[PDB]
Structure formats: C-alpha cells, structure tokens
Amino acid sequence: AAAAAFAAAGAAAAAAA
Amino acid sequence: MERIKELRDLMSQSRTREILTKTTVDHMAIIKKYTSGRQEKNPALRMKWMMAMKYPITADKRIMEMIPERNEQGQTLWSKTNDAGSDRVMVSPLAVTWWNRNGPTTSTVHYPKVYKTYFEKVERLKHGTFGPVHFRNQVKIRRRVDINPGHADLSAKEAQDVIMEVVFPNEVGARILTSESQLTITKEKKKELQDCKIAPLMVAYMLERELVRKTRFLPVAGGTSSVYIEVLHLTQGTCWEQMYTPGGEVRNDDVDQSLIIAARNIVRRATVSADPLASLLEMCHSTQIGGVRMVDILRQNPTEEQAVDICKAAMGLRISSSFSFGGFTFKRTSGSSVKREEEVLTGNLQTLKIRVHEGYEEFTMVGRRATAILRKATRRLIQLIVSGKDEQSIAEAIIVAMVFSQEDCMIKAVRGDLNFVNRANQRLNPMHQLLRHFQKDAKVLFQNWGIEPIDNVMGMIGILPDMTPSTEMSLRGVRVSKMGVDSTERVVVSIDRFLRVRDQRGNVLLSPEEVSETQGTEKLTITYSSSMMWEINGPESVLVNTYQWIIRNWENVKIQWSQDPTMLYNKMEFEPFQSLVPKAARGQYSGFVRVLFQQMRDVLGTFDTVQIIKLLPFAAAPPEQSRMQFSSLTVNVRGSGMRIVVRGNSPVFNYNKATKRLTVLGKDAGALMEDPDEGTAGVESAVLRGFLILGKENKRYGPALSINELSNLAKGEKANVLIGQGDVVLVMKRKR
RNA sequence: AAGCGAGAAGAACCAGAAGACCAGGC
RNA sequence: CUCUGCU
RNA sequence: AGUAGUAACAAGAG
Ligand SMILES: *O[C@H]1[C@@H](OC)[C@H](n2cnc3c(=O)[nH]c(N)nc32)O[C@@H]1COP(=O)(O)OP(=O)(O)OP(=O)(O)OC[C@H]1O[C@@H]([n+]2cn(C)c3c(=O)[nH]c(N)nc32)[C@H](O)[C@@H]1O
C-alpha cells in the first residue's frame, strides 16, 4: 500500500520529547 | 576443564597471580597491547633478512606434537626455542609446507559461507560479460563511491548487534534485535554457521565486511556501484574503457538511480536538438544501463522522475507525473511553477544559492507511514494537511513539507553546525542538507515557524510545536486529519515535438524545464552506442570530446568554416556542448561568436586556428543580435560556471605553443598541425565584436578603456582597451 | 542524496468547632 | 663458552 | 684498506 520509493536523509526528529 | 585448569595454574604463580588480581577488565585494554617489540619501519627488508634464517616463523606450542621435528629429508621443521615475547615456538617454512602437504585435513564447506563476500566477487566475475574495449579520452573525476554496499536495511549499529548475536550470543548484553531484517538475517546466519570451527573473530570480521556499508573516494568514470568499483581497474583506464557487465543480481536502487541519471542526461541533451522528440527517442533506443538496453527498462521500472516520465511518454508508456523528495512521492495535482536559482542566507550565517520554484502549486504527499495534501506558493506553505499514523510519522511529514516550502523562516531556522559542502568541498544539495539537519532536530524549526488560530474544524485537529494535538491553535497552515486520507494511477499522455507532456485535456504536465539541472553520477555504467560516443557524458567529458572532435576533423572543419560556416554551426556534434551552455546566454554567445567568425573571414589574414577551435562550439545555437561585449564564455559544469576566455590562455582551454598541443580542463585533446595561412602577426581581429586588435599599447591614443564601455567608440578611432589578464592593448573600431 | 571508532538503567518512591453577641452591605 | 642481527 | 659521509660500520654484550 502506502510506500516510499526512495527516502533520503536520516529521518526522525528530536522535537518529540 | 582445560581453561579453569590454566586459570588455577596462573593463580599458582605468584607474579601472574598478582597481575591477574590487581589488573581490572578496564585495564586489560591497556595491558593487552603491552609489547616490547616495536613496529618494523621497513618490513620488506626485515622479511627478506628473516627468510634466510632457519626458523623465521612462529607457531603455537602444540605444533611440536602435531608435526614431526624433521621430515624424511631430515630438515628440522621446528625447534625447541620459544619465541621472544610469547609462548610460541620458532618454525621454518618447511613446517608450513609439510602441513599443507600431509597435514590433518578437515571440512571446508563452511568457508564459502563465512567468506561470502570474496566468493561473491569470484562468482560475479565468473558470470560477468565482456564487451568491446573502446579507446576514448577518458575523464575520471574523483568522487566518493561504495566499495562494500553493506546490508542497506541495517545501519552500522544494527549490523554490529546482529554480529554479536550470531558470533557471541552470550556476550550480547542487554541488546535485543527489533528490526525484522535483523531477526531474519540473524536466523539464516546462525543456521548456516552451525558447527563452524573457524575462529569467531574471523567470522565477526567477515560479517562486518559483508553487512556494514563502506565508502571510498576514488577517481571513477563509469558506474559507482560496488559491482563496478571492485572491477574499476579492469573497466576504466586512462585512455580506454572496457565494456563489462558484472554477473548476478543488481540492486534495484542502483538501477533506478542510474536510469534517472541517464534520462536526465538524455532529456537535457535532447532539448538543444532541432527535433527533441526524435533525438530523445534515438538516445533511448541507443543507450544501455548496466548492460541492459534503456528502451526495455522504462517499461519495467516504475521509478518516478520527470525525466524518466518524459522518456516514458516519448515511447508511449503511461506516466505518473510524480517525483520523490524526502522519502515522499509528490504528485502535482494542480498548479504550475518555473525554476529559478536564487541566493539565501541561512540561520547559521551561511550563504546558499537555492533553486526556488515560482508559482502556486498543489501536491499530494504519499509516504510509507504518512500521507498529506499540500498547497504552496513561492517560498510560502499555503496549507498542509497530514494524516500520519503515529506522531513520529506526522512530524516527518510536517518537516518534509516545511523544507519543501523553502520558506524564509525555514531557512533561518537552521542552527548549529550545518555544512553544505562535503570534505571535498563539492557543493551538496541544499534541500537534502536542510532535510537531514531538521530531521536530526526540528525544535527550532517549529518554534520559529509560527502558530495560526484554529477553529473546531471537524476531523482536522491542529498540531502544536511540542507535537501534542490542539484544537484552538496550530502550526501556520498545518492541520492533522484523522480520516486517514490515502495517485498511483498512470495516466496516458501525449508528448509533443519539444518534449512537452500534456494529458488528454491539454495542460502541460511535464516539460524539460522542470527536469533537474544537477549532473549526478550513475550507479551502473551507462554505455552510449552512436557514432559520437560521448553524447550523454558529464560536462568535462563533453567539453574534452567536443574539442577533440574539432581537432580531428580540423582539415574539413577549416574548409567548411571558410566557405560554408552555416552548416558547420549546424553540426550536431556541438549540441551537447550547447547543453552545457546556459540557456539564457546561448543565443547571445552564438551571435557574438558568429560575428567574430564573420569578421575574421572578411579581414585578410588574421586567421587563428586556436581561436576557431575555442569558439566554434558556441556558434551552434541560433544567433541573437546584441551589442554586448563578452570577455569570457560561460559553460555549466557540475553547478559551476567555467569561463572560457575569448583572448588569452585560461585553464579551461589551453594551447601550449611549445608542444602546439591543446589541453581542455587538464586533459589533452591533441595537437594542431601547423597552418601556413594562420599568420597572426600580432593582430587577431577575432576577440571583440567590431574591433581590431592592433597589439601592444603605445600610450598616445588613450590610457586604457574597459571592454564593456568601449562600445562608445563610433568608427575609425583608435584607443587602448584593458582586455585580458591585465594586458592593455591598442584597438580600433573596424571600418565596417 | 549523504556516508570515515563505542552505550541503557541496581535498589525503591486532613482536617470540622459550635454557640452567642456586635458592626455592616444588600 | 652462552646470547643477539631493527631494541 | 674499503663502504660511507657531517657519523658511523669495519661485530657487540656477557
Ligand atoms: O540521486 C539523485 C536522484 O537520482 C539521480 C535520486 N533519486 C531521485 N528519485 C529517486 C528514486 O525514485 N529512487 C532512487 N533510488 N533514487 C532517486 O536522488 C537524488 C535526487 O536529488 P538530486 O538529483 O541531487 O537533485 P534533485 O533531483 O533536484 O533533488 P531535490 O533537489 O531534492 O528535488 C527533488 C524534486 O523536488 C522537486 N521540487 C522541489 N521543490 C521545492 C519543488 C517545488 O517547489 N515545486 C515543484 N514542482 N517541484 C519541486 C525538484 O524539482 C525535483 O524534481
């Protein structure tokens, strides 16, 4: 179903705490 | 048990007992490397010296019981002496040969599995295909490539955890494998490594090699994938290219990237053609990626890319009109935009030149764990509606949309150490760098973006910077929908002569203008199979090969330029060069160069072969009349504007008179045979449009003048002009 | 697209007046 | 008489 | 002697 063709960068985020 | 007995014996010895008791496990890392011997400064000499003594090798004490002291010829295989600084004994190479000859054999079915990487090299070289070798002016650029692709799904840390599980299950510690890929690979490896007597340390090292990705900066000319880098010595040479196709399966990501690169090069080259659609079709039917024809990979490779999409449209294949960014597939549902470069100053006081998209537009974002609908204007996020499954996915989608907006507060939200040039000072993609930085930390970005009042929008609760949902307030233009809104459809399109892709209704979906201007490197070597083999090469290769072709055909190029220059300018061999020439300055450069050529033809003598070689490629484009004066002609090379100087010698275009040899970008292009009709005689007459270069100044007609303002001269008058590398010369406005 | 050394959690963590009287606002 | 051939 | 070159080898330590 929902899929990412090509994901660059490290991803995630430190804002969530 | 042997080891506990050895421990008891060690405790029996007083000094060894004191060492064992006093030293801690932390201090072991220090006393483990405790060695009296020093690193040999010239090991080759020491080795040559030690191969002459009787017993240069050292072996474990047990050798004495498992190898006879002497062979049937009486030569002593080993001795009683104990190796210095260890319990190992001395041994001769005879012992090793004896062991390999009549030693205790064992099973080695496990070796291919533990040394999987090396035997994979052997296998894929065995099934590789060798094509013809082509002698070409190879231009190798130094760039980071991968030598060990590793297990992409597993980061270095995951690979280390899997290695600990497989090799040292008891010494794992508190770590637990979570990623499903970790569990599956750990399982298969444990099943394969059953009853493996090989040292666990070697197995761990081989697994680190196999799993952990490793990169290396290497001068390359073809594909940068590991399957091509390991055979780089065999494939790419100084003057030759060996068309080689490594055997075995190829990573789908590498083929996708190489297809994107090939499509970008083909469309960029095909734009400057007189019949772009036919030219694009020919380069598609003549190009091969990784040894596979490019014609038949598009119909089987759904990678989304405006260039790939243009190529698919040219062949009648349904396109998606989508593009990847930040791991999300964007489809432009409505709106249009035009690319234009523009300089920005980041929040960390670094100046960037980013490509801003002018124009209102609306996108649909699809991700692995998120989906969003976005509407943006020039550096302004009009609206964003996210539907992430979890808060982390929502944050990722919001950050990606934020960066994609290219908003000023986005740019100014950069904090800390963010570098947009790698250690080689190659310009990184600013958008990717910003994505990486903000995905590392986004607190500043959300704090500096702004909050918008939100009413009770049904099923569209707002989100706050702290990531907690809110109803009354939210990030400016950001809403979160719980309807799980979730494009893939491939719409048949018609592509016109100029590569403008229009759907049934007729709106321009894709055009070559929105194709990316970056000149990337293919993961798999791309081979072009037309008469001029360098159509789709990088910038430097195109420059060098264009000038080399001019040199080779110089005998006919001269006559054609003298009696029929219009057809010379038409010559397709200059089109890729023009692809490197900026679109804005193409017509003006062509007009200026054509005028210079015509004035050179009219003026008796003043023929300059080197100048014609330098300026001929710029004359391909249709002329554009103008009065502006060019001190240098610009060409795009990996995001840099290389300036070819009209008069004088510059690194981009060099003519060594001592060797009469032309070098382009430091790459030799050949020598120009002596032309008796050249007769420069100081006067050039092929530098300034409408002006003749008398030569050295004489300080009577004027002190000096600039190139641009020099147009003030009406006719006939002589004046001194500062043209070139600080060399003021006397000039005059041509009689006609 | 980037890519040049390592991590994870021992032990355990509130208060009542009530009554009378006086002054006072409404 | 033993040890060493980068200490 | 000779190697070699700004200081050494032409055995050294028990
Ligand atoms: O390695 C390259 C590229 O292939 C060479 C690779 N890549 C692209 N697509 C895939 C893929 O599907 N699968 C794999 N495995 N790899 C893929 O990633 C790299 C791409 O980046 P690069 O070529 O260096 O530059 P560029 O192509 O420009 O990337 P980027 O700058 O991140 O932009 C990507 C797309 O975004 C479009 N775009 C950005 N903005 C802000 C807008 C906009 O505001 N409006 C519109 N209409 N489009 C925008 C860019 O134009 C580009 O299309």
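Residues numbered from 1 in each chain as written, not as in the entry; some residues may be left out. Chains lettered and ligands numbered in written order. Part of a larger assembly, values for the part shown. Heavy atoms only, no water.

Structure determination for this entry, per the PDB record, employed cryo-EM and reached 3.3 Å resolution.

Residues and elements named next belong to chain B. Neighbouring RNA strand C are 16 residues, the closest being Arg144, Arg175, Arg213, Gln257 and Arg436. Among all atoms of RNA strand C positioned within 4 Å of the protein, those belonging to sugar or phosphate total 52%. Here a phosphate oxygen of RNA strand C sits 2.9 Å away from a polar atom, N or O, in the side chain of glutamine 257. A distance of 3.1 Å is found between a sugar or linking oxygen of RNA strand C and a side-chain nitrogen or oxygen belonging to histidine 432. Within the residue set of the surface near RNA strand C, elements represented by two or more residues are β6 (214-220) and α19 (430-440). Classifying every residue of the surface near RNA strand C gives five nonpolar, four polar and seven charged. (Near = heavy atom within 4 Å. Polar contact = N/O pair within 3.5 Å; in protein donor to acceptor, adjacent residues only side chain to side chain. Helix = DSSP H or I, 4+ residues; strand = E, 2+ residues; numbered from the N terminus. Nonpolar A, V, L, I, M, F, W, Y, C, P; charged D, E, K, R; others polar.)

This next bit is on the interface of chain B and chain A. One frequently used descriptor of interface size is the decrease in accessible area upon assembly of the parts. Tallying the contact residues gives 19 residues for chain B and 15 residues for chain A. Across the interface of chain B and chain A, roughly 1400 Å² is buried in total on both sides, 54% from carbon and sulfur atoms. Our count for the chain B to chain A interface comes out at zero salt bridges. Elements with a minimum of two residues in the side of chain B that touches chain A: α17 (391-405), α19 and α20 (443-447) of chain B. Element by element, the count of residues in the side of chain B that touches chain A is highest for α19 of chain B, at four residues. Along the lines of polarity and charge, the residues of the side of chain B that touches chain A split into six nonpolar, six polar and seven charged. (Contact = heavy atoms within 4.5 Å. Buried area = accessible area lost by both parts, 1.4 Å probe. Salt bridge = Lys/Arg side-chain N within 4 Å of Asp/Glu carboxyl O.)

The next subject is the site of the ligand. Taken together, 23 residues are adjacent to the ligand, and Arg264, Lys339, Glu361, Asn429 and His432 of chain B come closest. With respect to the ligand, the chains having nearby residues are chains A and B. In this structure, a nitrogen atom belonging to the ligand sits 3.4 Å away from a side-chain N or O atom of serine 337 of chain B. A distance of 2.6 Å separates an oxygen atom of the ligand from a polar side-chain atom of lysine 339 of chain B. Compared with its free state, where it exposes 950 Å², the ligand has 88% of that area covered by protein. Per-class residue counts for the shell around the ligand are seven nonpolar, 11 polar and five charged. (Areas by Shrake-Rupley, 256 points an atom, 1.4 Å probe, with all protein chains shown as cover.)

Glancing now at the sheet that holds strand β1 (residues 57-59) of chain B. What links the strands of a sheet is backbone hydrogen bonding, and the strands pair in either a parallel or an antiparallel sense. Residues and elements named next belong to chain B. Pairing in this open sheet of three strands is antiparallel, and the strands run β1-β3-β2 from one edge to the other. Strands with a single pairing partner mark the edges of an open sheet, and in this sheet they are β1 and β2 (78-82). Across the sheet, the axes of successive neighbouring strands diverge by a mean angle of 40 degrees, strand direction being ignored. Relative to strand β3 (residues 89-91), β2 runs antiparallel, the two being bridged by two bridges. From the neighbouring strand, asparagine 82 faces β3, where its bridge partner is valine 89. (Pairing = 2+ DSSP bridges. Axes fitted to C-alpha atoms, helices over the stretch in contact; angles between N-to-C directions.)

Residue and element names in this part refer to chain B. Summarising the sheet, strand β10 (residues 322-325) and strand β11 (residues 328-335) pair through four bridges and their orientation is antiparallel. Paired with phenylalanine 325 across the bridge in β11 is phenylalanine 328. Between β10 and β11, which pair antiparallel in sequence order, lie two residues; one of them, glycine 326, sits at a positive phi of approximately 60 degrees.

Residue and element names in this part refer to chain B. With 61 residues, the main nonpolar core has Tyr547, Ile550, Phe597, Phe618 and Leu688 as its most contacted residues. Other than its neighbours up to four places away in sequence, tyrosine 547 contacts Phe577, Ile613, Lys614, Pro617, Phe618, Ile644, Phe653 and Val664. One finds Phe323, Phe325, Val400 and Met410 within the second-largest nonpolar core, a separate group that totals 48 residues. (Core = buried A, V, L, I, M, F, W, Y, C linked by side-chain atoms within 4.5 Å. Buried < 20%, exposed > 50% of the residue type's maximum accessible area, 1.4 Å probe, protein only.)

This part takes up the protein's contact with RNA strand D. Residue and element names in this part refer to chain B. Contacts to RNA strand D come from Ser36, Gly37, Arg38, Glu40, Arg46 and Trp49. At 2.8 Å from a base nitrogen of RNA strand D is found a side-chain nitrogen or oxygen belonging to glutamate 40. Considered class by class, the residues forming the surface near RNA strand D number one nonpolar, two polar and three charged.

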